[PDB]
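Listed next as structure tokens: two forms of one protein chain, kept apart as structure 1 and structure 2.
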Structure 1
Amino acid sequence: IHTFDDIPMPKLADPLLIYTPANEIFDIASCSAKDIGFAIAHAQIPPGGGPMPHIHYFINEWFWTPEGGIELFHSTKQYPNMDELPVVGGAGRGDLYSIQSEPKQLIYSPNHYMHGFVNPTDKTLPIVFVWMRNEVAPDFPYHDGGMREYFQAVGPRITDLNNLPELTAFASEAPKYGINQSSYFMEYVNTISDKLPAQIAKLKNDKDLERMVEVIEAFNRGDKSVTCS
């Protein structure tokens, strides 16, 4: 299995912490360098937490599970046409394959794959996910993938992690960000199989991740040629 040693978090003067109705905590940063734009969430995922199946059109994504435990779901089919939803009423629901993550495992998921994750354990677990802006849709406004704007719609800001705020979108807002997001687990899903296709297993893009880590570390060193916010 593929592992990665560390994905650091950009340290912002005022972090963006988002709390969701699923009681997840997202610590989010957006960064840019001359050649690259991305966003990163360092997340705490309670039992049952995690995103329902969804498909990205404007970013490629990495998931990194420092303690394993998190179960990810991933298709072998790609869904290159955002206008064709994988639902009963239209194109058809898809088949997903589960991944039981291991400590420091790195899961790369390119655009157009259907994926999600859940914490199926009885204890809260960490996960990091990284969105790198791809080459699609020059008119899309968010050069980092829009992670900060997207998540601001799905729950309140945490001004105190010691005193969490009350709760009141995850699905309905999504297409504005080039995401087809399901609102219930079985909306886009025909089957779930625990037999992992080798082709999913092999997906990797360490090169771009290493570049984003360089940017993050440069930012944290005070380097003014990159920015995170």
Structure 2
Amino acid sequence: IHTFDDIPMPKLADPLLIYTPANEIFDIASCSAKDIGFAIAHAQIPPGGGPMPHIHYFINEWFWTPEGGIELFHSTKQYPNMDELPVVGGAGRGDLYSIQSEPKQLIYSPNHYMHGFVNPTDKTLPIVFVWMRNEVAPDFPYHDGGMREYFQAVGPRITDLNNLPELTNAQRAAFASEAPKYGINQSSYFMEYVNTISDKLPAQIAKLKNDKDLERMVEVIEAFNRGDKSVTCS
């Protein structure tokens, strides 16, 4: 099992706290430096929370599970063309494999893979996501490859820490329907993109990693948190 010791959060003066339509509590920020741009969210996942299967085109993603418990789903197949949805009528639905995450496990998911996750437990579980701008991403306002812009556009702001905002039908539908604008094909129901869910995890998925880029993004976050003005987080 590939683990990672810590992924810190850039501490903004005005944190952006969002309750996603996938029932996830996000503290999210965008960072960039000369050589890199990304979004990062420190998240809490209540029981049953997590996104339906989806595929990214503008970012590579890391999942870090401090307490494990999170069940991730991941394809072996890649879907390199955003215009071809992995649906029954078209190119065809995908085979996914489940990962029973362990404490401080680091999962790397390159662009074009299908993935998702759920908290299948009764605990409210921590997870950190890092979404790094890839080499074909268009330039978004925060130069991050589009993911914070997506969550900010689709998820209500948590203005009251002790009362989570109401999620509406429109917000749930938008979570899927706005996603392509941010280089995401996001399914609206669990079985839309999915053919099978198997528990025997192929070693090729299991082996995927990119610590070098994660370590660079950690240097950026840590620098921002020390007041270094050569990087920006906002």
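Numbering for residues begins at 1 and runs along the sequence of structure 1. Basically, rigid core = biggest C-alpha set you can superpose within 1.5 Å across the two forms.
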Out of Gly116, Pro110, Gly94, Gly155, the residue that alone shifts its CA by 2 Å or more between structure 1 and structure 2 when the rigid core is the reference: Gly155
- prompt: Rigid core fitted, then: does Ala218 show a CA shift of 2 angstroms or greater between structure 1 and structure 2?
  reply: no
field: Core fit, then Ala22 C-alpha moves 2 Å or more between structure 1 and structure 2
entry: yes
field: Yes/no, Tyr142 Cα shift of 2 Å or more between structure 1 and structure 2 with rigid core fixed
entry: yes
statement: For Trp131, the CA shift between structure 1 and structure 2 after fitting the core, in Å, is 0.3
